[PDB]
Amino acid sequence: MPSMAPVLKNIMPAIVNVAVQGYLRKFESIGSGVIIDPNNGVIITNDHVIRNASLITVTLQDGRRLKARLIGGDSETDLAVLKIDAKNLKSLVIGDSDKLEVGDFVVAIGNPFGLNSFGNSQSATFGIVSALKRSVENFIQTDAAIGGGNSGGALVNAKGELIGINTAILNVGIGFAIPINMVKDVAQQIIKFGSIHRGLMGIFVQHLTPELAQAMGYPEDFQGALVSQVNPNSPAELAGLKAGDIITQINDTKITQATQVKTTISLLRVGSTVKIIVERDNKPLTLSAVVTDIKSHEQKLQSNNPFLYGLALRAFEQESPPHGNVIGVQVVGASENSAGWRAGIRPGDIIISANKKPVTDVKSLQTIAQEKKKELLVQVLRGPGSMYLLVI
Amino acid sequence: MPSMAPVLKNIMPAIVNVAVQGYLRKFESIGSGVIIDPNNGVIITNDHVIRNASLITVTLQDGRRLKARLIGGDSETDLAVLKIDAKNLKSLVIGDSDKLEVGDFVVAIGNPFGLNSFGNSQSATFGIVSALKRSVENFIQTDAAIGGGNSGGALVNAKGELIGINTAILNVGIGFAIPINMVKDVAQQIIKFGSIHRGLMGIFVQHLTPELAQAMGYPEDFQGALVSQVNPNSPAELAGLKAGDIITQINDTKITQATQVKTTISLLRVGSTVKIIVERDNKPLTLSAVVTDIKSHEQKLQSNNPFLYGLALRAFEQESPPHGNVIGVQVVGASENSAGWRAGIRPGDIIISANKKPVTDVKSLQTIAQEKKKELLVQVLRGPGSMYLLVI
Amino acid sequence: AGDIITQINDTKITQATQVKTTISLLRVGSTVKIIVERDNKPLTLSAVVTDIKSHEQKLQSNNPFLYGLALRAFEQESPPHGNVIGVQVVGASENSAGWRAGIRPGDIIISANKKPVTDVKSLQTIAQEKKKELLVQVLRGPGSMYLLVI
């Protein structure tokens with residue numbers, strides 16, 4: 001007689017209750033957690049379960065109510081790692097969430113927002129994987145949900161292995177899970193450093209469909225991640241990556257799915273050399289690239305183009321009463337965080353001279369901006385009036 | 001390790017996305033579709049998915065976004081057949097939906113109204129058949145639903161065969177499906193003719209319960225469809241069908257269920273001779289009958305009874321101030337679409353003479369109505385007053 | 001353009017509004033005789049009313065990827081992309097192959113069948129590469145994406 005009872009009875013102690021008290025006004029909040037290292041008391045829940053906590057208490061199936069410590073959380077991946085100091089703890093076999101398919105049977109273990117606050121008992125619910133993660137697009141999706149779903153709890157496969165960590169967004173009958181492969185890596189890194197310090201690579205990637213594979217000269221079943229854009233002066237550009245490359249391996253991981261790429265890179269730390277294997281018009285190339293600090297990169301960009309950085313510019317000529325024939329460069333956009341904004345330049349402004357010299361096109365503006373001076377004097381037409389501005 | 005993953009991976013390409021633009025004000029709308037003939041690009045969705053469309057685009061799992069043509073739809077069965085011109089298409093094995101039982105495991109494949117507009121990925125959800133069709137009464141019913149259910153998508157059995165086509169009426173956790181046997185027949189007929197042209201048979205049928213079987217002199221397990229009424233001058237009457245007959249076979253289909261009968265006959269076309277095998281007080285009889293055009297039949301009825309057609313009549317005698325003793329035939333009802341309504345006759349009218357002659361009962365009225373004349377002069381009492389009317 | 005219509009078939013044309021009414025009710029397949037003054041010379045033209053769907057069908061497959069698209073040459077510094085050179089999609093008919101593939105007004109086509117796109121003719125020429133698909137790289141705000149127009 002088949003039943004999930006045997007596997008669940010063994011893994012249930014691994015799931016726990018997570019209770020939080022805090023101020024936002026004082027509030028309560030409860031969710032679930034999973035013990036992923038029994039020897040050191042390391043529990044995973046969602047970041048949103050424990051945000052704003054002054055107090056966090058873990059209740060085990062065995063009855064103990066334990067004071068827990070936050071080792072660190074990561075709001076973007078919605079994960080948080082906790083420590084409790086206690087012995088005789090149980091966990092479960094961790095699995096590989098890259099190996100999941102639509103149609104596999106799963107069980108989600110974790111109380112809904114309403115339920116069994118008081119019993120040391122975690123509700124179980126059964127179903128299949130309905131759709132794989134694809135960044136609702138951001139998670140493993142299931143039809144195993146109860147009460148609008150669980151946060152912090154375990155998603156396990158038919159064997160009892162942990163394949164993800166549940167989460168509850170506000171989809172009737174649909175359950176969501178953060179895949180365990182990603183969870184592992186944010187756990188290690190929060191454990192070692194206390195938080196993820198994301199750096200910059202500058203690679204935008206897209207799902208390689210069979211359609212696109214074939215149109216790009218590869219078989220229908222070919223797998224990889226399509227590079228859709230490589231920014232200028234980005235680490236990916238230094239490394240030789242081009243739009244149209246198909247990424248097939250990063251470091252030790254084979255890429256068969258664009259969603260893979262974006263997770264790996266994310267959780268990788270400024271300083272890391274990264275091996276990227278690429279296919280380009282059917283030739284393999286191995287590029288190497290260094291993750292850099294986002295604020296450093298913005299610095300480079302700024303001190304390289306100190307007066308015009310953050311501005312979108314185009315050539316402009318137009319008879320424009322009351323000014324007569326107006327020739328210049330139109331500021332089409334401007335980041336609030338630019339020397340240009342700070343000096344007063346706004347979108348819609350026409351720059352008609354720089355350092356008292358006439359400006360005809362963008363190039364002509366960029367050249368004068370290269371002049372080794374402390375400041376750029378800029379004359380702008382703005383609708384029917386005009387200002388001189390100083391860009392420092 | 002059991003899993004629905006292998007069967008679903010093979011049939012998933014058969015399911016598609018259906019996107020529609022139109023005016024009702026412009027609107028969008030998306031549902032799903034199933035490819036039932038890969039060689040000719042023939043897709044099934046629901047009629048309600050594609051109604052009011054000026055544009056219909058099919059997205060395949062492989063990535064192609066394809067312009068689709070409406071070959072025809074049928075709002076009563078809520079089905080619509082589509083063509084796309086494209087090669088390398090996949091379908092699935094079509095199954096027999098007469099063979100389904102409560103308790104069989106099923107998977108419904110198709111995105112809910114909310115979900116994955118953008119991924120070429122169709123959500124899957126798992127369960128059992130909860131109740132068989134019984135015309136909510138009109139469909140196969142399941143506990144495989146997500147997000148309030150899918151329209152246009154596939155319902156498949158444990159083997160991966162298509163057993164129905166999903167539909168979403170506005171029942172939490174309950175999924176509905178239009179059974180595939182019916183779908184097949186409306187597809188062929190929409191393909192050949194562009195739409196279903198329903199004719200008239202005139203057979204009302206009822207579920208034969210064990211209770212009723214026994215009370216009618218057959219074993220508890222006897223199957224068939226109970227004829228509850230046969231209209232006068234109907235094709236079923238010409239063919240010899242009587243109330244109390246138990247239909248057991250129509251053409252090539254054995255009838256074990258009343259719901260069967262009504263579908264078959266429906267989709268059958270004016271002109272078709274139809275074999276009906278019947279049981280009557282335990283003797284088998286084979287009747288033959290011809291489907292006729294509904295408007296022709298109404299014509300026959302009218303030109304046969306040209307002045308009184310569409311009227312409900314009873315004998316009437318009553319002392320009725322201020323009229324004294326009133327003898328006549330009371331019009332108890334009247335169809336707006338009758339020579340009688342058009343002339344002014346209303347329910348509650350007493351017909352007291354016809355062609356200047358007194359009317360005592362219905363029969364007496366019918367006889368004068370048979371007179372070979374261009375018109376019927378009718379004198380009516382209406383409450384306290386009276387009108388002469390001319391029925392043409 | 002600048003011809004003056006004085007007659008359509010046997011109806012005589014004295015105002016602009018008659019033209020719509022005389023012609024709208026003419027059936028597909030008809031020969032229509034349009035009589036005109038052009039520089040004070042009378043001419044008589046003959047034209048065949050076509051089916052609307054068939055005409056749009058003809059424009060469509062005669063221009064299979066770019067039909068319905070309003071397009072202009074585009075050069076602009078555009079943080080974070082740097083200097084973006086390409087063809088801006090200014091309008092896109094909701095029934096075009098381009099709209100179907102995913103293109104939207106605002107997008108900048110920066111490459112086609114893997115070559116750089118500079119002016120509108122450069123895109124038109126690449127579009128004529130003898131295929132059943134045009135591969136386009138579009139820049140949309142800070143992102144980018146490959147689409148296949150079919």
# chains A, B, ... in the order shown; residues from 1 in each chain; ligands from 1

$ residues_around --residues "range 136-142 of chain C" --least-positions-apart "4" --cutoff "10 Å" --atoms "only C-alpha atoms" --output "CSV table (one decimal) with N, CA and C atoms, in the first residue's frame"
chain,number,residue,atom,x,y,z
A,204,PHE,N,23.6,40.7,-19.8
A,204,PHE,CA,22.1,40.4,-19.9
A,204,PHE,C,21.9,39.2,-20.8
A,228,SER,N,22.1,38.7,-24.8
A,228,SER,CA,21.3,39.7,-25.5
A,228,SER,C,22.0,41.0,-25.5
A,229,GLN,N,22.9,41.3,-24.6
A,229,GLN,CA,23.6,42.6,-24.5
A,229,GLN,C,24.8,42.5,-23.6
A,231,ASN,N,27.3,45.3,-21.9
A,231,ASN,CA,27.5,46.8,-21.8
A,231,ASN,C,28.9,47.2,-22.1
A,243,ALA,N,27.3,40.1,-27.7
A,243,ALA,CA,25.9,39.8,-28.0
A,243,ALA,C,25.9,38.7,-29.1
A,244,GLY,N,25.1,37.7,-28.8
A,244,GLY,CA,24.9,36.6,-29.7
A,244,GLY,C,25.7,35.4,-29.3
C,78,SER,N,23.1,56.9,-25.0
C,78,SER,CA,22.0,56.3,-24.2
C,78,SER,C,22.5,55.5,-23.1
C,79,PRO,N,23.0,56.1,-22.0
C,79,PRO,CA,23.4,55.3,-20.9
C,79,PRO,C,22.3,54.3,-20.5
C,80,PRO,N,22.7,53.1,-20.2
C,80,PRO,CA,24.0,52.5,-20.1
C,80,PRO,C,24.6,51.9,-21.3
C,81,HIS,N,23.9,52.0,-22.5
C,81,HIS,CA,24.4,51.3,-23.7
C,81,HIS,C,25.5,51.9,-24.4
C,84,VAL,N,24.2,54.4,-29.1
C,84,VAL,CA,23.3,53.5,-29.8
C,84,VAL,C,23.1,54.0,-31.2
C,86,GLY,N,21.2,52.8,-34.7
C,86,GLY,CA,20.2,51.8,-35.2
C,86,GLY,C,19.0,52.4,-35.8
C,87,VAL,N,17.9,51.6,-35.9
C,87,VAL,CA,16.7,52.1,-36.4
C,87,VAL,C,15.6,52.0,-35.4
C,88,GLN,N,15.1,53.2,-34.9
C,88,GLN,CA,14.0,53.3,-34.0
C,88,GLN,C,12.7,52.9,-34.6
C,89,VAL,N,11.9,52.0,-33.9
C,89,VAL,CA,10.6,51.7,-34.3
C,89,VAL,C,9.7,52.8,-33.7
C,98,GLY,N,6.0,42.1,-37.1
C,98,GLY,CA,6.9,42.6,-36.1
C,98,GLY,C,6.2,42.7,-34.7
C,101,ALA,N,6.0,39.2,-33.3
C,101,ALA,CA,7.3,38.7,-32.8
C,101,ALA,C,7.7,39.4,-31.5
C,102,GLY,N,7.1,40.5,-31.2
C,102,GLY,CA,7.5,41.2,-29.9
C,102,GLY,C,8.0,42.6,-30.0
C,103,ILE,N,8.1,43.1,-31.2
C,103,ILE,CA,8.6,44.5,-31.3
C,103,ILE,C,7.5,45.5,-30.9
C,104,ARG,N,7.9,46.6,-30.3
C,104,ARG,CA,7.0,47.6,-29.8
C,104,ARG,C,7.6,49.0,-30.1
C,105,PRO,N,6.7,50.0,-30.3
C,105,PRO,CA,7.2,51.3,-30.5
C,105,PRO,C,8.2,51.7,-29.4
C,106,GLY,N,9.2,52.5,-29.8
C,106,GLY,CA,10.2,52.8,-28.9
C,106,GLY,C,11.5,51.9,-29.0
C,107,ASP,N,11.3,50.7,-29.5
C,107,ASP,CA,12.4,49.8,-29.6
C,107,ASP,C,13.4,50.3,-30.7
C,108,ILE,N,14.7,50.0,-30.5
C,108,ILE,CA,15.7,50.4,-31.4
C,108,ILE,C,16.3,49.0,-31.9
C,109,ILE,N,16.2,48.8,-33.2
C,109,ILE,CA,16.8,47.7,-33.9
C,109,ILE,C,18.3,48.0,-34.1
C,110,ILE,N,19.2,47.4,-33.4
C,110,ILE,CA,20.6,47.6,-33.6
C,110,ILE,C,21.3,46.6,-34.4
C,111,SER,N,20.7,45.4,-34.6
C,111,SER,CA,21.2,44.5,-35.6
C,111,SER,C,20.1,43.7,-36.2
C,112,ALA,N,20.4,43.2,-37.4
C,112,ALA,CA,19.6,42.4,-38.2
C,112,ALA,C,20.5,41.3,-38.9
C,113,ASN,N,20.0,40.0,-38.9
C,113,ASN,CA,20.7,38.9,-39.3
C,113,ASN,C,22.2,39.0,-39.0
C,114,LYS,N,22.4,39.4,-37.8
C,114,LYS,CA,23.7,39.6,-37.2
C,114,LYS,C,24.6,40.7,-37.8
C,115,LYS,N,24.1,41.7,-38.5
C,115,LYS,CA,24.9,42.8,-38.9
C,115,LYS,C,24.3,44.0,-38.3
C,116,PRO,N,25.2,45.0,-38.2
C,116,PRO,CA,24.8,46.3,-37.7
C,116,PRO,C,23.8,47.0,-38.6
C,117,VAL,N,23.0,47.8,-38.0
C,117,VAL,CA,21.9,48.5,-38.7
C,117,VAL,C,22.3,49.9,-38.4
C,123,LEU,N,18.5,48.4,-43.0
C,123,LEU,CA,17.6,47.4,-42.4
C,123,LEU,C,16.8,46.8,-43.5
C,127,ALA,N,16.8,43.0,-44.6
C,127,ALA,CA,15.5,42.3,-44.5
C,127,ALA,C,15.2,41.4,-45.7
C,146,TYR,N,16.8,39.4,-28.5
C,146,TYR,CA,16.7,38.9,-29.8
C,146,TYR,C,15.2,38.5,-30.1
C,147,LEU,N,14.7,38.9,-31.2
C,147,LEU,CA,13.4,38.4,-31.7
C,147,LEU,C,13.5,37.9,-33.1
C,148,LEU,N,12.7,37.0,-33.5
C,148,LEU,CA,12.6,36.5,-34.8
C,148,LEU,C,11.3,36.9,-35.4
C,149,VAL,N,11.4,37.6,-36.5
C,149,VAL,CA,10.2,38.0,-37.2
C,149,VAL,C,10.0,37.0,-38.3

$ interface_residues --of "chain B" --to "chain C" --cutoff "8 Å" --atoms "only C-alpha atoms" --output "MDAnalysis selection string"
chainID B and resid 55 57 65:67

$ write_last_selection --atoms "N, CA, C and O atoms" --output "PDB file, in the first residue's frame"
ATOM      1  N   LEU B  55      -7.803  39.514 -34.130  1.00  0.00           N
ATOM      2  CA  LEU B  55      -6.487  38.856 -34.225  1.00  0.00           C
ATOM      3  C   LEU B  55      -6.337  37.696 -33.265  1.00  0.00           C
ATOM      4  O   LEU B  55      -6.643  37.846 -32.088  1.00  0.00           O
ATOM      5  N   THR B  57      -3.254  34.895 -32.316  1.00  0.00           N
ATOM      6  CA  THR B  57      -1.865  34.405 -32.374  1.00  0.00           C
ATOM      7  C   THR B  57      -1.588  33.232 -31.412  1.00  0.00           C
ATOM      8  O   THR B  57      -1.738  33.392 -30.217  1.00  0.00           O
ATOM      9  N   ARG B  65       5.747  32.414 -32.701  1.00  0.00           N
ATOM     10  CA  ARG B  65       4.475  33.085 -32.553  1.00  0.00           C
ATOM     11  C   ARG B  65       3.796  33.173 -33.953  1.00  0.00           C
ATOM     12  O   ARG B  65       4.286  33.870 -34.837  1.00  0.00           O
ATOM     13  N   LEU B  66       2.676  32.439 -34.125  1.00  0.00           N
ATOM     14  CA  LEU B  66       2.038  32.167 -35.425  1.00  0.00           C
ATOM     15  C   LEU B  66       0.649  32.782 -35.532  1.00  0.00           C
ATOM     16  O   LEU B  66      -0.179  32.621 -34.624  1.00  0.00           O
ATOM     17  N   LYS B  67       0.363  33.415 -36.657  1.00  0.00           N
ATOM     18  CA  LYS B  67      -0.958  33.981 -36.971  1.00  0.00           C
ATOM     19  C   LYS B  67      -1.927  32.834 -37.130  1.00  0.00           C
ATOM     20  O   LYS B  67      -1.628  31.903 -37.838  1.00  0.00           O
TER      21      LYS B  67
END

$ interface_residues --of "chain A" --to "chain B" --cutoff "7 Å" --atoms "only C-alpha atoms" --output "PyMOL selection string"
chain A and resi 101-105+127-128+130-131+143+171-174+209-211

$ select_by_dssp --residues "range 135-326 of chain B" --states "strand (DSSP E)" --output "VMD selection string"
chain B and resid 140 to 142 154 to 157 162 to 167 175 to 179 203 to 207 225 to 230 246 to 250 253 to 254 273 to 280 283 to 290 311 to 319 325 to 326

$ residues_around --residues "residue 56 in chain A" --least-positions-apart "2" --cutoff "6 Å" --atoms "only C-alpha atoms" --output "JSON, numbers by chain"
{"A": [19, 20, 68]}

$ residues_around --residues "residue 10 in chain A" --least-positions-apart "4" --cutoff "10 Å" --atoms "only C-alpha atoms" --output "list in words"
residues 5, 6, 14, 90, 91, 92 and 160 of chain A

$ residues_around --residues "residue 56 in chain C" --least-positions-apart "5" --cutoff "12 Å" --atoms "only C-alpha atoms" --output "PyMOL selection string"
chain C and resi 50-51+61-64+67-68+95-96

$ write_last_selection --atoms "N, CA, C and O atoms" --output "PDB file, in the first residue's frame"
ATOM      1  N   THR C  50     -10.283  46.079 -55.482  1.00  0.00           N
ATOM      2  CA  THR C  50      -9.804  44.810 -54.916  1.00  0.00           C
ATOM      3  C   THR C  50     -10.389  44.502 -53.580  1.00  0.00           C
ATOM      4  O   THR C  50     -10.893  45.376 -52.916  1.00  0.00           O
ATOM      5  N   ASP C  51     -10.268  43.251 -53.161  1.00  0.00           N
ATOM      6  CA  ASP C  51     -10.700  42.893 -51.828  1.00  0.00           C
ATOM      7  C   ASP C  51      -9.717  43.478 -50.826  1.00  0.00           C
ATOM      8  O   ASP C  51      -8.505  43.358 -51.004  1.00  0.00           O
ATOM      9  N   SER C  61       2.934  40.116 -47.696  1.00  0.00           N
ATOM     10  CA  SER C  61       3.989  39.173 -48.182  1.00  0.00           C
ATOM     11  C   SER C  61       5.010  39.797 -49.168  1.00  0.00           C
ATOM     12  O   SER C  61       6.049  39.224 -49.454  1.00  0.00           O
ATOM     13  N   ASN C  62       4.711  40.991 -49.628  1.00  0.00           N
ATOM     14  CA  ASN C  62       5.581  41.755 -50.492  1.00  0.00           C
ATOM     15  C   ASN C  62       6.621  42.443 -49.621  1.00  0.00           C
ATOM     16  O   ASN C  62       7.661  42.877 -50.099  1.00  0.00           O
ATOM     17  N   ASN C  63       6.335  42.549 -48.324  1.00  0.00           N
ATOM     18  CA  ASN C  63       7.226  43.227 -47.407  1.00  0.00           C
ATOM     19  C   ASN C  63       7.145  42.453 -46.086  1.00  0.00           C
ATOM     20  O   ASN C  63       6.533  42.904 -45.106  1.00  0.00           O
ATOM     21  N   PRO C  64       7.728  41.245 -46.075  1.00  0.00           N
ATOM     22  CA  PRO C  64       7.213  40.279 -45.094  1.00  0.00           C
ATOM     23  C   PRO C  64       7.594  40.535 -43.643  1.00  0.00           C
ATOM     24  O   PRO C  64       6.886  40.015 -42.768  1.00  0.00           O
ATOM     25  N   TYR C  67       6.589  45.175 -42.775  1.00  0.00           N
ATOM     26  CA  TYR C  67       5.271  45.724 -42.972  1.00  0.00           C
ATOM     27  C   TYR C  67       4.655  46.211 -41.636  1.00  0.00           C
ATOM     28  O   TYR C  67       4.739  45.564 -40.626  1.00  0.00           O
ATOM     29  N   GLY C  68       4.083  47.398 -41.653  1.00  0.00           N
ATOM     30  CA  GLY C  68       3.316  47.915 -40.535  1.00  0.00           C
ATOM     31  C   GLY C  68       4.184  48.697 -39.604  1.00  0.00           C
ATOM     32  O   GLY C  68       3.699  49.172 -38.584  1.00  0.00           O
ATOM     33  N   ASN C  95      -1.268  44.482 -36.153  1.00  0.00           N
ATOM     34  CA  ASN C  95      -1.362  43.280 -36.962  1.00  0.00           C
ATOM     35  C   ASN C  95      -0.081  42.916 -37.735  1.00  0.00           C
ATOM     36  O   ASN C  95      -0.093  42.021 -38.536  1.00  0.00           O
ATOM     37  N   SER C  96       1.035  43.575 -37.476  1.00  0.00           N
ATOM     38  CA  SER C  96       2.241  43.292 -38.245  1.00  0.00           C
ATOM     39  C   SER C  96       2.964  42.001 -37.816  1.00  0.00           C
ATOM     40  O   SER C  96       2.736  41.475 -36.721  1.00  0.00           O
TER      41      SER C  96
END

$ residues_around --residues "range 44-47 of chain B" --least-positions-apart "6" --cutoff "6 Å" --atoms "only C-alpha atoms" --output "VMD selection string"
chain B and resid 33 to 34 73 75 78 to 81 152

$ write_last_selection --atoms "N, CA and C atoms" --output "compact mmCIF listing (two decimals), in the first residue's frame"
# COMPACT_ATOMS: atom_id res chain seq x y z
N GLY B 33 -4.79 26.12 -26.04
CA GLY B 33 -5.30 25.38 -27.22
C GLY B 33 -4.57 24.07 -27.29
N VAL B 34 -5.11 23.09 -27.99
CA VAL B 34 -4.46 21.80 -28.15
C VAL B 34 -4.37 21.44 -29.64
N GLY B 73 -16.34 28.11 -34.97
CA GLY B 73 -16.69 27.79 -33.60
C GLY B 73 -18.18 27.51 -33.33
N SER B 75 -20.68 27.99 -30.09
CA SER B 75 -20.82 28.52 -28.78
C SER B 75 -21.59 27.60 -27.80
N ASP B 78 -19.24 25.28 -26.52
CA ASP B 78 -18.03 26.08 -26.19
C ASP B 78 -16.68 25.65 -26.80
N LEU B 79 -16.72 25.28 -28.07
CA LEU B 79 -15.55 24.83 -28.79
C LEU B 79 -15.28 25.71 -30.02
N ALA B 80 -14.02 25.78 -30.45
CA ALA B 80 -13.61 26.54 -31.64
C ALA B 80 -12.38 25.89 -32.22
N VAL B 81 -12.35 25.79 -33.56
CA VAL B 81 -11.29 25.10 -34.27
C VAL B 81 -10.46 26.12 -35.01
N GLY B 152 -9.15 25.80 -22.71
CA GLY B 152 -8.68 25.60 -24.06
C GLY B 152 -7.64 24.54 -24.06

$ atom_distance --atom1 "CA of residue 278 in chain B" --atom2 "CA of residue 137 in chain B"
25.8 Å
